[PDB]
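Asker: Mind looking over this structure? Questions follow.
Cβ atoms come from the backbone with ideal geometry, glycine included; neighbour counts cover every protein chain shown. Every read-out reported here was derived from the displayed coordinates using simple, explicitly stated rules and does not represent laboratory data.
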Amino acid sequence: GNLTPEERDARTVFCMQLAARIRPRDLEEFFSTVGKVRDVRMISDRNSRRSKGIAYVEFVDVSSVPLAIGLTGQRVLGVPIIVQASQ
């Protein structure tokens with residue numbers, strides 16, 4: 001049941017340029033179209049004056065990572081998201 005940290009990294013994307021008001025629910029919903037989401041972790045202490053929030057989104061399968069990266073530029077709460085491999 002336990003994945004190693006490296007195995008979890010292989011399933012995780014790092015997200016940038018998140019709207020100040022973003023919620024984990026918003027990321028769960030957005031990424032659900034490319035795979036099953038296991039965990040969402042907001043890293044940013046919200047700067048309300050900037051659309052530069054960050055988060056990790058961990059999927060169940062490694063297959064979802066390239067698909068999620070491909071969503072880069074799509075508008076989440078009106079702001080183009082940047083999605084990169086965690087590792």
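Asker: Show me the ranking of peptides 47-54, 35-42 by mean Cβ neighbours inside 10 Å, starting with the highest. Working shown, then result.
Answerer: Working: 47-54: 13.0, 35-42: 15.2.
My ranking of the peptides, most packed first, is 35-42, 47-54.
Asker: Kindly provide the helix-only [θ] at 222 nm of the chain, computed as the sum of -39,500 (n - 2.57) over DSSP H runs of four or more divided by all residues, to the nearest 500 deg cm²/dmol? Present the calculation step by step, with values, prior to reporting the outcome.
Answerer: On the way: 3 runs with 20 residues, N = 87.
Taking each H run of at least 4 residues, the total per residue is -5500 deg cm²/dmol.
Asker: In addition: Please list, in order along segment 45-57, the HN-Hα scalar couplings obtained from phi with the Karplus expression 6.51 cos²θ - 1.76 cosθ + 1.60 (θ = phi - 60°), rounded to whole Hz, x for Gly and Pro.
Answerer: Those phi angles translate into 7, 2, 9, 4, 8, 9, 9, 10, x, 9, 6, 9, 10 Hz.
Asker: Is the C-alpha gyration tensor of segment 47-87 telling us rounded, prolate or oblate? Criteria: a/c under 1.5 is rounded; beyond that, a/b larger than b/c is prolate, otherwise oblate.
Answerer: Prolate, because a/c is 1.5 or more and a/b exceeds b/c.
Asker: About its Cα centre, what dipole magnitude does the chain give when the only charges are +1 on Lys and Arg Cβ and -1 on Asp and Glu Cβ, stated in debye to the nearest 20? Don't jump to the answer; show the numbers that get you there.
Answerer: Values: 13 positive and 10 negative charges, 107 e Å.
Charge dipole, the chain, about its Cα centre: 520 debye, nearest 20.
Asker: A further question on this structure: Could I have the simple spin-label model distance between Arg49 and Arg25, label points 7 Å from Cα toward Cβ, reported in nm to one decimal?
Answerer: 2.9 nm
Asker: Of the residues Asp45, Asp26, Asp61, which exhibits the maximal mean-square fluctuation in a Gaussian network model of the chain defined by a 10 Å Cα contact cut-off?
Answerer: In this elastic network of the chain, the residue with the biggest mean-square fluctuation among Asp45, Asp26, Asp61 is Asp45.
Asker: In 5 Å bins starting at 0, how do the alpha-carbon pair distances of the chain split up by percent?
Answerer: 3, 16, 29, 26, 16, 7, 3, 0, 0
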